[PDB]
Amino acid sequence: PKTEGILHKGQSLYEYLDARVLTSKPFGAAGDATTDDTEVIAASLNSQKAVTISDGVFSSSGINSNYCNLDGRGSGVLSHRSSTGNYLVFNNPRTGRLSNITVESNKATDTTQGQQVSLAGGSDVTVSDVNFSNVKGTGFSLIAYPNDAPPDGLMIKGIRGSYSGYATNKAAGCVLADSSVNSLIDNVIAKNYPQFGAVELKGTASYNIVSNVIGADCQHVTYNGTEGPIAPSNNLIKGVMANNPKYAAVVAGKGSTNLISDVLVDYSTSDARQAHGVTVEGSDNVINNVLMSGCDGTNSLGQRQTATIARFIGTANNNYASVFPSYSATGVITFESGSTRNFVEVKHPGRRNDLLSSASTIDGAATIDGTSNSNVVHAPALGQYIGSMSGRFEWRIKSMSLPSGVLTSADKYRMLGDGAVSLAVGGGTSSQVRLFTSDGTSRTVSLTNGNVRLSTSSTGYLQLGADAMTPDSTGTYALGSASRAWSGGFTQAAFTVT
């Protein structure tokens, strides 16, 4: 007997088995890692049904589909049967789901080009809990790009990728969202990827959120790149863990108004020669809470390793960074010569007591020039404020008006209030204001042994005692000169000639 000739609940048993019951794999697929399953799999993927490909290793060549709804139940492995070229390509899927499956490459060489999964255009596709294995050569594990509309509303979550054949600057990465909008990329763990790291945003990518990204032994962990006039802008990148990258945790790129937040990077076992926290080339980006450690001046191979927690590249401008250089290597900030209006808050200085004691702590210090183009560095724990983009520091107790034409650009420090305003200095055993100039000349108004003293020279003073004003030494200091004489004066008893 055959199923076509049997009834179940009054209907064809064949049809029930073929169309209604859920199966572990498509009928006719072997899943034995050797039989060519391409045709059966391609047919299933091009249907409008949910496809299950599980409980086996399915050898299959390149496949194009207009539909993406595939689940591996955590046991399906799609193993690329070809040693070159792209594997799975989804063309402009309108909604879709690719989930709970492993995609394995079998590239011929370490320079073989090919993407593992491509969303060639797409809207509202969710790729979730996918493991990319045996990743090699040039290309990406998961890439979304315009075809020709921007990818929109993607959710890429729970992605693992494992790369091999690392080389500096090699053109590969784990996840690439090229020019996507309104998309989420969350919970990614990428190992040993080169130039484009764990997550790359590219081109006109905007209004995406990238979150919870771990990159281990990658060149960069997150990377913002472009081949066009506009770079990734208006993206949120939050929660980046950089386990021993080779160059930087985060490359913020040439774009603008990105918010990057909570970046932890360790270099303790890395072969990096030029270790970076975050770099930025564009404008008006926020880089909040970069915690970097494990840079002691030497890398894992005994080579010199420089440290830079934040680098402002080229004309980078109007950016903000808050940083924690929790390491002993000298380098902390690099302001390239053309960079302007960047503000860095060193929220904890590590073991440093002064960010200016070494000229190498802040490379590019000449760009801190007190003009409207100034870069600025603060280290509040050290009470250290270096530069102001207003050309001054000013405090006021309350909103108030100032008298016209009194304060000038010379008034670089302003302590303002209404009513009585007193600046109190002291609390100890002696208290003073020291006025001084670049030539080393110094003069004080001091409270010394309980009297005011006013400096008359490098060593001399007038002392305002309770009963008399006196010079520091006798018979040497005059009141007036022949060229600058008093009009006169008033004394109850004539001055005593000593």
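Numbers follow the displayed sequence, beginning with 1.
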Read off the CA B-factors in the entry, average them over 88 to 96 and over 122 to 130, and name the higher stretch. 88 to 96
For 226 to 234 versus 336 to 344, entry-based mean Cα B-factors point to 226 to 234
Going by the deposited entry, which of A379, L176, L154, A149 has the highest CA temperature factor? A149
Looking at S293, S283, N353, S83, which one carries the largest C-alpha B-factor according to the PDB entry? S83
Just say lowest, middle or highest third for the CA B-factor of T298 relative to the other modelled residues in its chain. highest
For the chain shown, is the CA B-factor of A478 in the lowest, middle or highest third of its modelled residues? lowest
Would you please rank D262 by its C-alpha temperature factor against the other modelled residues of its chain and give the third it falls in: lowest, middle or highest? middle
By the record's CA B-factor, is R73 among the lowest, middle or highest third of residues in the chain? highest
When the modelled residues of the chain are sorted by Cα temperature factor, does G158 land in the lowest, middle or highest third? middle
